[PDB]
């Protein structure tokens, strides 16, 4: 799940067809769980501060169930998409927090998606 999510989020950022996989189809379905307004806000703040700061703050919120975990994946993916490839983001810092919060749900998320 760690490798899959890294690959997915990075592909959402750059849109390189050579790095696409059908495994992503099921993960892209998680987008319905997230309100486009929350993403829009997060992007505005990231641009206002010229940093990944607002994203790292979003990812630090508690994850109490599988639905919270799915929303975190979706928010990261939608943010990656909407921020653009030119954005100088140390993605590994975001993955560190994301996986710290969602790690436990990996087994169940895999079952849920596939």
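Numbering follows the first chain given and starts at 1.
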{"property": "Segment of higher mean CA temperature factor, 74-82 or 29-37", "result": "29-37"}
{"property": "Higher-scoring stretch by recorded Cα B factor average, 4-12 or 103-111", "result": "103-111"}
{"property": "Where the record places residue 42 (Cα B-factor, split into thirds across the chain)", "result": "middle"}
{"property": "Residue 55 - Cα temperature factor, lowest/middle/highest third of chain", "result": "lowest"}
{"property": "Residue 65, C-alpha B-factor rank within chain (lowest, middle or highest third)", "result": "highest"}
